[PDB]
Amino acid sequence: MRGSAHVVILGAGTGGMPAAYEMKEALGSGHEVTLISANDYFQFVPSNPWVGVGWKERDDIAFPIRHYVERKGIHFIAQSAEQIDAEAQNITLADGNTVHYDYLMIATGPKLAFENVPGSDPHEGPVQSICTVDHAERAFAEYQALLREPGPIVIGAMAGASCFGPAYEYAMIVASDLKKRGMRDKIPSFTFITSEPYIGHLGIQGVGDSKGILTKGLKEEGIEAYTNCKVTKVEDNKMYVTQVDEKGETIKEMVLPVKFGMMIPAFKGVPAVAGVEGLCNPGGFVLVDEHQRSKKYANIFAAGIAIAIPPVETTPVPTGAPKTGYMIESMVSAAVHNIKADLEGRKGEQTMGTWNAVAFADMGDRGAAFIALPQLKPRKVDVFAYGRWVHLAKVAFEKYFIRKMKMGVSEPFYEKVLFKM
């Protein structure tokens, strides 16, 4: 309302949860902040692969949101938004109730586009997913069914995927867990299928010696790897795969039996956001400027996986570049700053800064990680790391981020200054 603007944050994930706290800290008691989310709990997404192999449980990586945001004066609605009317500035919830906003910050993450590959939905066949804790639990249940009745394994990433690290991580920890259980020798075949033009491309044209290291890692585990692949369908417990050459021409088709499978799907924008006229590209991603502001609606901002970022290359099989946590938090920080600036008679000038990708993977006792910036080469930083210390750093960061999601954030967010003293 006038003089007391209502800011709604849609989606309580890696971007949206911090966005809610930061928005309320920034605006104070004179304004209303409402966080709306499909789930009543927060989950630490990067730990889902471990849930998928039974190395972690839901309770380790997830917690109920309400009390933590409410104690900060933030309203919480645990309902999915089904429609957004950008003209009237009304959000229609799954229960049919309506929420009006003065500013909207979209942080809705990805729609997991299983529809791209008929039969690939985790509920339709043997190809599972570890992108959410619900799905990771389902993946682990199927993994146990595999242990009871061993059969072919296929892990990888679909055409159009932008999130490749977790596929490699999952393959490695499944292989590891099999060995632990003395079951590895009972698997007839273990295959890695990816849309990447080469192993370790990771949607970022490689980082450090990711190609050499991941290539050798898969080989060492007896995992046969295929690149430039797209899955045309999953049917009768078989994955139908087409492999192309540099020019997109078929060099082979394969039919792979699958007892246990996990393929990272392509991401699209969620339906309620994609459905807003003029807001998004054909993929459903919000078209925003450098200030995280929608190009169509001046009072809609967006951050996280939900925003559109232009491609920098065109791979033989479509692939996308990942949108990772540090860049996401930079988007959130900028959006919050610029909304506040708007509420104070200014055009905020803050941007997300330089494009970058960062990621951790934990194989158990040791981890891998990378940092790449900016997007195109030659880069200013292009590094891949491996070792026990990376495992320890992942453990530490998870513990930290979860505590911060409970205690609240406000500051820029980062402890780079704390560990450098």
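Residue indices: 1-based, along the sequence shown.
- Set 214-222 against 158-166 and average the Cα temperature factors; 214-222 ends up higher.
- Higher mean CA B-factor, judged across 240-248 and 266-274 from the recorded values: 240-248.
- When the C-alpha B-factors of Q205, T319, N228, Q144 are ranked from the entry, the top spot goes to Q144.
- Each of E115, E82, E329, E349 has a CA temperature factor in the record; the biggest one is found at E349.
- Split the chain's modelled residues into thirds by C-alpha temperature factor. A303 is in the lowest one.
- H391: CA B factor lies in the middle third for its chain, per the PDB record.
- When the modelled residues of the chain are ordered by C-alpha B-factor, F76 sits in the middle third.
- When the modelled residues of the chain are ordered by C-alpha B-factor, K186 sits in the highest third.
- Among the modelled residues of the chain, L27 sits in the highest third by CA temperature factor in this PDB entry.
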